[PDB]
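As structure tokens, one chain now follows by itself in the form deposited in one PDB entry.
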């Protein structure tokens, strides 16, 4: 009887509704061809348009093993549907509060996935501008994926010039706020009034607790430079000693999930399902229109790395 869930329910089986906040709620669901669990961000357009499409059109052109992958895309008459990677681990935010502060070791593993994500985003020419621990999840395998692109509670991680409206280096500051929140358990510049914080952010003076490594403070000092030209570049960030402390080899920000290389095993299987020549489907898949076929393929080689047999229904 669903009037708007026509197309969706033809390709997915609905499950437990999550995310309820009027503006958007995410319901997990099962891709029936692949039997693979997905999350679907449901938004009606009665409660904006461009900010969302700026996120979706970004996500259309970025693929990376630490960005929450976007599959099919669907727009109803008064609704919009986005299916994305399954991220049951939850926010890194709650993961922070789970165990008070985070060890330098544990903070190092989380953070290097973050830089590899953000360093790849910058290669393609985008900046996320809104980096908060509420915007990065854990997949089924404790890998980290970033969401809520949108811009391409959110002021504390904002760079000084981002409040000045005066360009990728705003994230290097945001990641510096992240790391401080990671190893400790609190923010560099927070307080109850927004007026006082603007002052503290432009002032750039923040405390430094007991437990922090002499290697950390250096890195944060290079990251929390109100001078964006004196802020540390992404190039030096990928080779930095704190980042190469134990885990000792360059941050592999190179996307291992490509727009260019189509896995044969998945495309051979996909062609027998549609009754096409394999060469015919390969070019068709490379369109990446983010309709059903793209969802089927990208959850098929995902099913492959999952270890499952590469089958449909």
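We call the rigid core the largest set of C-alpha positions that still match within 1.5 Å between the two forms. Residue numbers count along the first chain shown, from 1.
Omitted from view is the form deposited in another entry, to which the following refers.
Considering only 218, 208, 77, 196, single out the residue whose C-alpha is displaced by at least 2 Å between the shown form and the other one after superposing the rigid core.
-> By this measure, the answer is 77.
Large Cα move at residue 286 between the shown form and the other one, threshold 2 Å, rigid core = Where the cores coincide, residue 286 still shows a C-alpha shift between the shown form and the other one that is 2 Å or more.
Does residue 246 show a Cα shift reaching 2 Å between the shown form and the other one after rigid-core superposition?
-> No: residue 246 shifts by under 2 Å between the shown form and the other one.
Tell me, please, whether between the shown form and the other one the C-alpha of residue 31 is shifted by 2 Å or more, with the rigid core used for superposition.
-> Superposed on the core, residue 31 moves its C-alpha 2 Å or more between the shown form and the other one.
Distance trend in the other form - C-alpha atoms of residue 97 and residue 24, change of 3 Å or more | Pair moves farther apart in the other form.
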